[PDB]
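Everything on this sheet refers to the single structure shown next.
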Amino acid sequence: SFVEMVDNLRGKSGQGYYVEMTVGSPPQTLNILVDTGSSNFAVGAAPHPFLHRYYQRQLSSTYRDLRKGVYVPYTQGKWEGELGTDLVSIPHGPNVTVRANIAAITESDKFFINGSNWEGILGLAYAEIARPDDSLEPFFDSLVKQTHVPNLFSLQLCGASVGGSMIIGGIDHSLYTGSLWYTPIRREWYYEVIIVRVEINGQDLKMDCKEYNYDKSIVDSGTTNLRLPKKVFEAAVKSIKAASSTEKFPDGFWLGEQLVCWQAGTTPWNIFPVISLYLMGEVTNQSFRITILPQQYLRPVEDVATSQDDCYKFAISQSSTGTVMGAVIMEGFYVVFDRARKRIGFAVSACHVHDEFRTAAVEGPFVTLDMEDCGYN
Ligand SMILES: CCCCNC(=O)[C@H](C)C[C@H](O)[C@@H]1C[C@H](C)CCCCCCCC(=O)N[C@@H](C)C(=O)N1
């Protein structure tokens, strides 16, 4: 019955993917951003200039107050609100209703996005990073505990105004090609993984692999960019600059501050390298790789002035809290969050954006010694 969940995600480029949900009795319809980088379910519950609608607790006969405040800070944006519970369902999801924790957002800062079309957030990671503490059961944990929905979900994020699929409770084999390759979930808090090697156009970065996971490496559908630790970010930019040196860039480009343009249909894709991220595999000394095309990390932006050119922003940015494999990474793949088996699977997506001479790929097996030493402690 997973066909009913195909294409249940929508969004605007760079503003997150959202799924339709209902909260309360009678059901109140809201668009909810799907965020594997957090663990709180929260909805706008008060007027806001960027919200077209919001959760009205007074209108729901099943709302229960928890008499507890909550605050959640993200990499960018934060909100505070009032905790409670209510009945929740997903129209284009499993035919079930659960009572879940809901944070009613009463104040926020740089969280809601003007014209994004979403009014709340669905944190899909584990209780350990839920606020105020890990006793606030996350939505998916409630879903699994109260229903027969199996303990896994998959995300197919399709780039260029954006769409995709969140298959709740399973894997839809019509959505990917080739084989699924699995990497262990290192610890159940974020969806934390271990990167064991990085190559750019086939050349190893030759860094200590701990640098790739310095702090941690996570998979986050709610982050646009590929975010890399300082040292790794500098090495990658140096390599990408060198490969594309024949062209001129405002250099504010490499910081994401300025966009670059080219005459329509003349973008020199060939001069931007592919990036291969090798992930720890399921068996001893085995890994696999996922390869990213420049069409993934050069995010297209509509030039509001002379719509005569193809303009792009550099979607690789520096981090101080570890690697984040955001939408730039996920959009090329079908990603399985196999919570039951503590693993994350990657396969080439059926909605992969590919050029004419290169192809995004998930390839294995590879042999990699001492993968355990790549995790940071
Ligand atoms: C409290 C512990 C959990 C905290 N988790 C996080 O902060 C994760 C890593 C980031 C979240 O996914 C947050 C989620 C944000 C609020 C909402 C999504 C907005 C759409 C895309 C916005 C552009 C973007 O790329 N935002 C990143 C920087 C971001 O902060 N992402």
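In PDB author numbering, the protein residues as written are -2 to 157, 169 to 385.
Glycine included, C-beta positions come from ideal geometry on N, C-alpha and C.
- When DSSP reads this structure, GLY120 sits in a beta bridge with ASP32.
- Between the alpha carbons of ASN37 and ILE102 lies a gap of roughly 11 angstroms.
- DSSP links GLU104 through a beta bridge to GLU77.
- For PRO308, the pairing in a beta bridge is given by DSSP as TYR320.
- Taking the C-beta atoms as reference points, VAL336 is found nearer than 8 angstroms to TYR305.
- By the neighbour-count definition (other C-beta atoms within 10 Å, threshold 16), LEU287 is a buried residue.
- DSSP lists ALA100, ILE118 as the beta-bridge partner residues of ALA39.
- Rounded to whole angstroms, the separation of the alpha carbons of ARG96 and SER58 is 13 angstroms.
- Take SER284, set aside five residues on each side of it, and the residues of its chain with a beta-carbon closer than 6 angstroms to its own are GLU207, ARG297, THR299, in chain order.
- Rounded to whole angstroms, the separation of the alpha carbons of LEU149 and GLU200 is 16 angstroms.
- Taken in chain order, the unbroken stretches of beta strand (DSSP E) that lie wholly in the region 265 to 296 and span 3 residues or more are 268 to 271, 283 to 288.
- For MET333, the CB contacts under 6 angstroms within the same chain, skipping 5 residues up- and downstream, are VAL227 in chain order.
- Residue burial is scored here from C-beta neighbours: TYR320 has at least 16 other C-beta atoms within 10 angstroms and is therefore classed as buried.
- Within the same chain, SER295, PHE296 come within 6 angstroms of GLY289 by CB-CB distance, once the 5 residues on both sides are set aside.
- When DSSP assignments are scanned along the region 193 to 254, the uninterrupted stretches of alpha helix (DSSP H) that are 4 or more residues long and fall wholly within it turn out to be 217 to 220, 238 to 251.
- Judged by DSSP in its simplified three-state form, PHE261 adopts helix.
- These are the residues, in chain order, with a beta carbon less than 5 angstroms from any non-hydrogen atom of ligand 1: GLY13, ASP32, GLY34, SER35, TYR71, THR72, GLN73, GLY74, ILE126, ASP228, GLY230, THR231, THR232.
- With contacts defined as CB atoms closer than 8 angstroms, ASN28 and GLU116 qualify as a contacting pair.
- DSSP places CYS382 in the helix class (H, G or I) of the three-state scheme.
- Here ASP83 is buried: its Cβ has 16 or more other Cβ atoms, across all protein chains shown, within 10 Å.
- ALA335: member of the alpha helix (DSSP H) spanning 335 to 338, first to last residue.
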